[PDB]
């Protein structure tokens, strides 16, 4: 519809305002194949901090319609947008759908490189050990004691990152320690990841997602990400945003007067790669208000 061409226009406007590498050919191939799903589903536009003065630009959508579960993968495979190169990552979505009942799934795209990531959410939570028979990076099982010790063992979602040959596991925050700043401080210390500010630690006690990143090349836990929702531009803690990300909060395109935002804090090895901020605009205004 008009809604589909409006969405592609907004993405190019973002990528050009905030200096993001993009490719109009790849956007065209994606929108031809997924454009309707972007209009008709929970849809978000992401900006991230990975370079000092150049934001990256991403876009994602989230499918809750039970009769549609699985199509994003089939569509992507048929259209050539996702071509399985025999990689270890390539068999995981088939193994996941056989093994667990799926409640939701999603697709993340990069405005220069295309389909980047597909995620699957489980109906219910499972002991993370139930996933050890999947072809996951060996670093999952070799950290099973760490996972138990830090109460990151109520598993409910998989992110399959095809650009990085990595897997993100999402863990439900079931334990009373998950509502205390000290737990997040100690988790990041135990991982020897970059320490967070005190404002962020206090925010983290709120109800958010937590994901851990495992990769097939590395025996270590590579990354950690906390996602937190915010009702509107006012609710965003702007002390934790560099000027370029603060500008995005104020000018990010949406179809609502006061769109909510989902904020993401990535952490990695201290004095190394992996520590940055992600900012997702709730483009339809219905994604964020559906807290847990």
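Positions refer to the first chain, counted from 1. So that the term is clear: the rigid core is the largest set of C-alpha atoms that superpose within 1.5 Å between two forms.
Fitting each structure in 4 other deposited structures of this protein onto the rigid core and averaging C-alpha distances over structures and residues, 202-210 emerges as the more displaced of 202-210 and 217-225. The PDB entry records a higher mean C-alpha B factor for 78-86 than for its counterpart among 78-86 and 122-130.
A summary of the deposited B-factors shows that, of 157-165 and 143-151, the stretch with the larger mean C-alpha value is 157-165. Of all the options 236, 225, 57, 228, the entry's greatest CA B-factor is assigned to 236.
Residue 23: CA B factor lies in the highest third for its chain, per the PDB record.
When all modelled residues of the chain are sorted by CA temperature factor, residue 137 is found within the lowest third. Annotation for residue 269: C-alpha temperature factor in the middle third relative to the rest of the modelled chain, per the entry.
Placement of the Cα temperature factor of residue 172 within the chain: lowest third of the modelled residues, per the deposited record. Residue-level temperature factors show residue 192 in the lowest third of its chain, judged at the C-alpha atom.
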